[PDB]
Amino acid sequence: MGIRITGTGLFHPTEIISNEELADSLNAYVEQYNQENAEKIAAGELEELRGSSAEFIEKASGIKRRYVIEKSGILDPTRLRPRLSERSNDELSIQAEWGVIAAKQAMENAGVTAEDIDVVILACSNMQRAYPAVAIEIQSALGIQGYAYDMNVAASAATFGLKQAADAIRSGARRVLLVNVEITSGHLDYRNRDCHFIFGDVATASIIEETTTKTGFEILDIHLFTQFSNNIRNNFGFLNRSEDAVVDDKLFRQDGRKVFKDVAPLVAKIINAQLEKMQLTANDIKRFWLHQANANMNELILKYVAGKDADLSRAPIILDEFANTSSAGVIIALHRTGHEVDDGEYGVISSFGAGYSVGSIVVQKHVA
């Protein structure tokens, strides 16, 4: 009671990569690969590589384009990763820089300042370093006093973070700043036509406070769920060096088929049980802010929740423009469309993805 999301903030890099640009880049690296290894392809010693097309990506997912930290390196067939430069310890890290920009916007939108925040949580799928925590770096650049920590549960990091924010407020925090910084172009495999299009880069932020006097989305119910799966996995980590690792699995890897069939009914079951628990029907939900990876999966989830007459008219899509931004996607959607909910109406925020993790949150808008 009285715990509300009172502000959100969005930052994305300026450069954009269209599906067509992405497919042309992959197709060049494929052509080049199949040439240099024409021999061992004929002997079966090496796998022939397949390409893709803008049309396949868009029908596969709904994605048309994405923002990226740096465009030329990702598209260069001889690199296929952003062109970045080490910063010194004296300057803001990349992850902390993006986080600060999104955070400042959430704070202005909530009408709060640095002295009003007690907790900073950096919740996302990959931290730029292990220590000092990037959340502490964000906290300091913003001049916030209190404490901060980094939290990783990949696709549901934002809903899990909202829960942790609610718990900390319930026990005494005044206001929590929750930050999601996803530089997915840093761990994506741009050589793989099945995953190279899925992800884009972004940072989002949220202000969560105890209040009855500020406009926001009041949290009514949270359900969090994990169930270990290896269908999404990235084995990059600090022990690779000691393992003298050689397996080529240190980037995002996935069995998209299995993920689709496992997670869609799982998410739907969680949402339906949550709605029944709250004595609401699908028809009482003004907006579903679902994970933003695959428009076809979301459409199927609403069929399981709101009948086979279902439909995305109340389930906004931002993945056409952002692609999949992992933990940040639900927050992007809420940022862009929360204004379409009226005073007193209900919405549902639901993350789902790697780990298998699922976070589902029932909110109600209040206007002060």
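Residues carry their position along the shown sequence, with the first being 1.
J.: Mean C-alpha B factor from the entry: is it higher for 153 to 161 or for 80 to 88?
T.: It is 80 to 88 that shows the higher mean C-alpha B-factor.
J.: Look up the CA B-factors in the entry and say which stretch, 116 to 124 or 255 to 263, has the higher mean.
T.: Result of the comparison: 255 to 263.
J.: Tell me, please, which of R129, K104, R287, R241 has the highest C-alpha B factor according to the deposited entry?
T.: In this record, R241 carries the highest C-alpha B-factor of the candidates.
J.: Sorting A43, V330, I318, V68 by Cα temperature factor from the record, which one lands on top?
T.: In the PDB entry, the greatest C-alpha B-factor among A43, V330, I318, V68 is found at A43.
J.: Looking at the entry's B-factor column for C-alpha atoms only, identify whether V358 ranks in the lowest, middle or highest third of its chain.
T.: Bottom third by C-alpha B-factor.
J.: Would you mind checking where the Cα B-factor of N27 ranks among the modelled residues of its chain, as the lowest, middle or highest third?
T.: It belongs to the highest third of the chain when residues are ordered by C-alpha B-factor.
J.: Divide the modelled residues of the chain into thirds by Cα B-factor and specify which third, lowest, middle or highest, holds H335.
T.: It belongs to the lowest third of the chain when residues are ordered by C-alpha B-factor.
J.: Please place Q279 in the lowest, middle or highest third of its chain according to the CA B-factor in the PDB entry.
T.: Its C-alpha B-factor belongs to the highest third of this chain's values.
J.: Using the temperature factors of the C-alpha atoms in this entry, rank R191 within its chain: lowest, middle or highest third.
T.: It falls in the top third of the chain.
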